[PDB]
There are 2 protein chains.
Amino acid sequence: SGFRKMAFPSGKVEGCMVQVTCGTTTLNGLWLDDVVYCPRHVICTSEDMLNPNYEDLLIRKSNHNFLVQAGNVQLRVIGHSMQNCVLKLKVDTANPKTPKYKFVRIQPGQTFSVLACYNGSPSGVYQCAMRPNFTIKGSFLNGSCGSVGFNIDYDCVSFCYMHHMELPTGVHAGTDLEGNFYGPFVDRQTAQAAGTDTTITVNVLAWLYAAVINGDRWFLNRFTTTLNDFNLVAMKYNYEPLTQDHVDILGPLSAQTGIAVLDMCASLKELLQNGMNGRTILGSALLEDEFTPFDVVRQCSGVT
Amino acid sequence: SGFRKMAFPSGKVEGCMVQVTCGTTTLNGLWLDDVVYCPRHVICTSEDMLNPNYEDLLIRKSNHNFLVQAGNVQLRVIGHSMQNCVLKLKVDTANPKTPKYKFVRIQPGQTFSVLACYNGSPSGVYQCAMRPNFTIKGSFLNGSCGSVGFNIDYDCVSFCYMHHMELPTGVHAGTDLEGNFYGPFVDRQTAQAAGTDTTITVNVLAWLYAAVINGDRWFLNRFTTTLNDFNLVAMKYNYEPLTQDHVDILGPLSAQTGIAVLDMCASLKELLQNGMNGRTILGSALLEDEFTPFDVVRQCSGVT
Ligand SMILES: *CC(=O)N[C@@H](C)c1cc(F)cc(Cl)c1
Ligand SMILES: *CC(=O)N[C@@H](C)c1cc(F)cc(Cl)c1
């Protein structure tokens with residue numbers, strides 16, 4: 001037992017990290033098969049970032065201007081193209097460590113692991129969720145651009161995020177591996193503000209089920225509620241509305257614990273209205289929302 | 001910017017995980033060079049665990065009774081020995097993926113990453129601290145025995161923990177890689193209780209410095225204190241006493257932020273006495289103590 005914010009083992013992704021340099025700008029790239037993916041702003045100077053015309057800046061770049069280094073060895077770039085906000089650099093060598101992979105575009109509320117990298121070298125791994133305002137709260141310093149987010153289904157890595165930028169409020173924005181930003185963000189040094197960062201209700205419920213499985217049961221109340229009644233309280237507290245799709249996904253946790261989904265909603269409603277009163281749940285003094293129902297099942301069952 | 005509970009990239013350790021089976025008992029082993037390390041209770045039945053005599057149970061075991069599987073291939077065991085609470089199985093093949101490594105015995109308050117494994121296969125990675133009562137609060141299910149804790153200094157893995165057991169209160173106990181338990185725990189199914197789980201004061205201070213670096217400054221107060229005065233409050237709140245050695249280690253964070261260590265102690269004293277008043281620091285409603293001063297420096301500087 002015990003419940004931790006756990007990331008996927010990062011080895012399969014570490015084997016894909018490379019350094020990409022264009023002129024004086026260096027960031028990370030993801031090398032899968034014979035293609036290196038990286039943020040297109042690798043072609044920009046600090047001045048270019050204020051109002052970049054990427055197609056125009058790219059005209060001044062040839063294959064030899066992109067320096068790709070894997071470990072301490074240079075890869076030969078034989079092609080390059082821009083797809084949305086990412087560049088795809090075709091190299092002459094397939095990555096021998098390419099895992100089985102997919103590119104997926106996730107929904108808000110979904111979680112993933114980030115392998116933060118600098119100069120193509122991994123520094124650490126942590127667990128994130130795509131916030132309902134399409135930002136992530138990561139840990140990214142200058143040069144972390146190009147670090148990726150992913151999930152693993154046994155031996156298949158599903159890449160869902162590539163880091164591009166930090167908003168003036170310190171939250172993060174990036175794209176899927178097709179180069180499309182999550183949310184309305186653009187890769188430009190212009191002030192962009194995030195919308196309301198609401199709480200991912202289905203994830204808090206999943207985490208309350210993890211708490212019961214792990215022996216933290218004090219918050220269990222004697223009430224039940226309905227979706228409509230719960231959602232009136234969710235709205236007041238800036239929680240995401242709960243739908244029958246979320247109730248369906250919590251079914252296995254409801255089955256394992258014998259606690260009906262709506263009863264757990266009623267316990268959450270009381271926690272929102274009464275607060276924690278200085279108590280903790282799974283060592284947290286706030287309601288955690290960065291575990292999906294699948295994450296809780298996975299961690300409580302021991303999937304490898 | 002942003003500050004996350006970050007684990008070391010786990011690839012170097014994933015390449016060392018194997019499955020060890022003795023009779024009907026299966027757990028994880030760590031394969032480094034031509035030796036596989038695993039908890040000695042791999043030789044026990046459930047009945048043996050109530051009062052095991054390990055030297056006696058080991059007399060009934062030969063090299064061929066230990067089945068070691070790396071991926072889906074069997075390793076040949078050519079020797080075996082018991083060192084404290086671990087078995088060392090000499091195999092005929094050196095692990096080709098053996099990273100540069102050391103075995104270290106950590107002090108309470110020190111943090112490390114755990115690669116939780118089942119059947120020799122990695123399930124996830126998370127960050128722990130050795131608690132002041134020599135337990136860790138991990139996430140370990142049946143079969144996680146043998147999973148290891150480690151730190152990385154660039155390309156050298158320092159293994160500090162091997163998981164052995166869960167106390168009846170759901171906290172975890174294990175050994176260093178020489179088989180010596182942290183704390184007073186024994187590898188027997190007998191009720192063993194943990195001592196006071198005090199808060200690692202030097203780590204909370206480090207995390208308050210991380211909060212200031214990352215823009216969370218509301219808790220900064222207009223006071224200072226002395227070590228003796230602070231420690232009177234630390235004692236009352238079950239925090240570890242702060243020594244000049246801890247002040248010395250916080251020096252670089254004090255230098256980077258311009259906040260004297262004793263002034264940060266005074267801000268922590270006010271947080272202990274006043275509480276958070278419903279506010280958060282780095283997204284937490286409690287004072288986090290599982291980041292050392294070195295972890296904060298590393299994460300805020302981008303070490304790979
Ligand atoms: C990774 C990162 O933060 N890159 C910087 C240079 C940046 C700034 C900016 F205004 C927009 C983008 Cl996409 C990237
Ligand atoms: C990894 C684990 O929990 N192993 C179990 C079988 C166990 C039980 C016990 F009472 C003592 C030890 Cl060391 C291990």
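Chain letters run A, B, ... following the sequence lines, proteins first, then strands; residues in each count from 1. As a basis for the values below, the full set of heavy atoms in this structure was taken, side chains included, without hydrogen atoms, waters or symmetry mates.
Checked against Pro9(A) for a side-chain contact (heavy atoms from CB on, under 4.5 Å), the options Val13(B), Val125(B), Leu115(B) give a single hit: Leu115(B).
Judged as a side chain to side chain donor-acceptor pair (under 3.5 Å), and not counting sequence neighbours, the contacts of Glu14(A) are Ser10(A). Partners of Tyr101(B) by ring-ring contact (aromatic ring centres under 6.0 Å, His included), not counting sequence neighbours, listed by chain and number: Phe103(B).
For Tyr126(A) against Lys5(B), the heavy-atom pair with the smallest separation is CB-O, 3.6 Å.
Taking non-hydrogen atoms and a 4.5 Å limit, the residue list of residues 280-301 of chain A in contact with chain B, ordered by number, reads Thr280(A), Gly283(A), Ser284(A), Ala285(A), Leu286(A), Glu290(A), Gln299(A), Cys300(A), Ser301(A). By a heavy-atom distance cut of under 4.5 Å, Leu141(B) are the residues of residues 141-160 of chain B near chain A, going up by number.
Residue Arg279(A) places its CZ atom among more than 12 non-hydrogen atoms of other residues, nucleotides or ligands, all under 6.0 Å distant. A 6.0 Å sphere centred on CG of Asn274(A) holds more than 12 heavy atoms belonging to other residues, nucleotides or ligands.
Residue with the most contacts toward chain A among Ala116(B), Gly302(B), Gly170(B): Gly302(B) (heavy-atom pairs, distance under 4.5 Å).
In this structure a side-chain-to-backbone donor-acceptor pair under 3.5 Å is present from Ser139(A) to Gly2(B).
Using a 4.5 Å cut-off between heavy atoms, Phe3(B) contacts chain A through its backbone alone, with no side-chain atom that close.
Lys137(B) is listed as a side-chain neighbour of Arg4(A), based on a closest heavy-atom distance under 4.5 Å.
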